[PDB]
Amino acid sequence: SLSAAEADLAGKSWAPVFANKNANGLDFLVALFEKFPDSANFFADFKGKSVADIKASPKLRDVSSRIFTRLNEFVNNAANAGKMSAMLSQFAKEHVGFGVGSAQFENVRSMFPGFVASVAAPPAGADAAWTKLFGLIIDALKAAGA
């Protein structure tokens, strides 16, 4: 897990992002796809389609919303190793079955801090908290077998 201090920093940088969950969640998904084109191919609904096609999709909102809803829960429980345990297991389990592995999460991690900063400057120490959080997710995926 993260420490309470770290978790707070993550929550603090997340708030402005989560404040506009619909628009920001769609944006994160679009940015991912733009920076890491292979990612879309894991999605049944988006495989083959271009970013414009994805933006125009009536399915986009369903996807991006479930993602932000779960990220919000990770931010919320981050400092509790116990909840993280279960959360990480279950998340990894789920993703692996779809063929997603740690490398895709290494990509999310790379682009995350820059995405948050495009919404509002994060507090000092927040970027490191996110990379640690994503670090925990990456580890989970590896244990999950990918």
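For every residue, the number given is its place in the sequence shown, counted from 1.
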{"property": "Mean C-alpha B-factor comparison - 55 to 63 and 35 to 43, higher one", "result": "35 to 43"}
{"property": "Of 130 to 138 and 20 to 28, the stretch whose C-alpha atoms average the higher B-factor in the entry", "result": "130 to 138"}
{"property": "Residue with maximal Cα B-factor (values as given in the PDB entry) among 111, 79, 100, 87", "result": "79"}
{"property": "CA B-factor placement of residue 118, once the chain's modelled residues are sorted into thirds", "result": "lowest"}
{"property": "Chain-relative CA temperature factor third for residue 9", "result": "lowest"}
{"property": "Record-listed C-alpha B factor of residue 107: chain third", "result": "middle"}
{"property": "Residue 70 CA temperature factor, ranked by third within the chain", "result": "lowest"}
